[PDB]
């Protein structure tokens, strides 16, 4: 099937760097520049081979047709109230971007409030963050072009959906919080830098500052509220307490779930928002996370992981702040992770737990912390919720592997709390009853039991004949919970596949201990867990090595690329989306410096020793055995991505093609598809989503020669 000669790619053999005595050659270092003629030519040559390969077999057309039909279903978000009006996002089915609607009453006629589709024909302009003023009469929203992390904040007066003149530039990784006096809004922005700032650049992002914009003025007049000149990596986000009296400043450095917490009592300020607010440094260290829930006077309720890896709720009284005085409102659960908490109807708390990778939802009393009501849920995830302190009702959205989901509503003013189905859509073309989801726990190399969900057609014989698609992430305290994916269901129904999701360490499924078990010196545990998931599927008869595909994106891209290098014999196909491949240089680009909390940094000798062992780019090696070659591989990235710079995938594919692609025994393709006007993933328009999944599954079908099941 090999009808491709890989492109000529210059090797700069002089690119040698000493890492604590260890010489490392980076012959494709020049691919770090996305604007050079050399890099542009590289991309062009790679796509010249990948595109015809992907578009050759008719199965892609069949898949695309099926995806376009099945993905075409109404997609609603929960309703949420702001002031006297209700809002909700809704995509009729195939619009590139979902639209924000507004209605003056729960039973009132809805109208378009903000339609991002008219901002760009290809849907490359997407909403990225928003914030309503406390009274709900004004609205701020961020817009990102082509998936870039850079944002432009614009404003509207809600009544009449009137566009305002206010425009904020240089916004990135920003908070958006209006002061309750309705005068203005807090946000973050970066100092003007040379070069481009459109998502194509790779410049490191440092010195983020907190500004305050007074509505009706030019951005040049904004107040520089907080800056940390001596700590270039710190990021300070602001939020207002529910009563509008306190500005709470959460300071983060890196990606660990920890933050400093400072507060400014506005009642004690005499000159409004300035650059010299009288901050009280309540929590002035990075030892734990303090997520504001609500306050009653000086008694503040926080969700925290302080001495509680599964999280708990504590009350800190600003008038008696010493730790020994804090009160535990809802103790840490022995196993269940408290994911998030919201305060609603003044004195109720909605707590969302993760129990064995499945969400639970319940209501507690704010004053006593007592359990008041359990909201019954089937196996799945809570992916949406609405209900602030002043609200008297909640909406929540549930989803699962086999169903698009349901939006529930509960009027909290009733003595008897009866949650009712508010919105339920069914995908015509998929019969959920034909499939089943099972959860198993498999032992990893060190004996740790790891959860894995497996979705497949009911009644199949576990004879190892089925193609399988195994997904994982493993990092950053992120829990990979059940989600509805039409694309994956098409693989099951029309390609006869088995879906599997492994909840490997590094994630947050079992709290901070689960996260810590897959980071820094322990990162290899992630890879071992994932390799063991594959071995389980094979041993139990769900699939066989030659029929097994693994997939991951970003930190998940790192996962699958590492697994390809470490156990090429275990996989038939590997699809890595926007992966972090150069573990020695990741921290030098854009926001990569923030990831050192999970990976470590090569500037440290101890960390380099961990990194060099698994860095994908530095572990490409011909398999020793003559009967073993690398699996078919497909790397996906845009030529410009500011979250995970493209150079990771570009250098990795150049290395794979040179070291492995040239070997006589390598017959499986090693390809990269480089896209345009797309970024990390957020805000990706529908048209692009359909194209991407069609490419992915077409590639799997061709490499494994899978016949389409109509």
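Numbering follows the first chain given and starts at 1.
For the pair 291-299 and 445-453, the mean Cα B-factor is higher in 445-453. Look at the mean CA B-factor for 556-564 and for 410-418 in the entry; the higher one is 410-418. Comparing C-alpha B-factors across 632, 513, 148, 315 in the deposited entry, the largest value falls on 148. Per the deposited coordinates, the residue with the largest Cα temperature factor out of 481, 426, 219, 399 is 426. In this PDB entry, residue 353 carries a Cα temperature factor that places it within the lowest third of its chain's modelled residues.
When the CA B factors of the chain's modelled residues are split into thirds, the value for residue 63 lands in the highest one. When the CA B factors of the chain's modelled residues are split into thirds, the value for residue 260 lands in the lowest one. Sort the modelled residues of the chain by CA B factor and residue 647 lands in the middle third.
In this PDB entry, the Cα temperature factor of residue 284 sits in the middle third of its chain's modelled residues.
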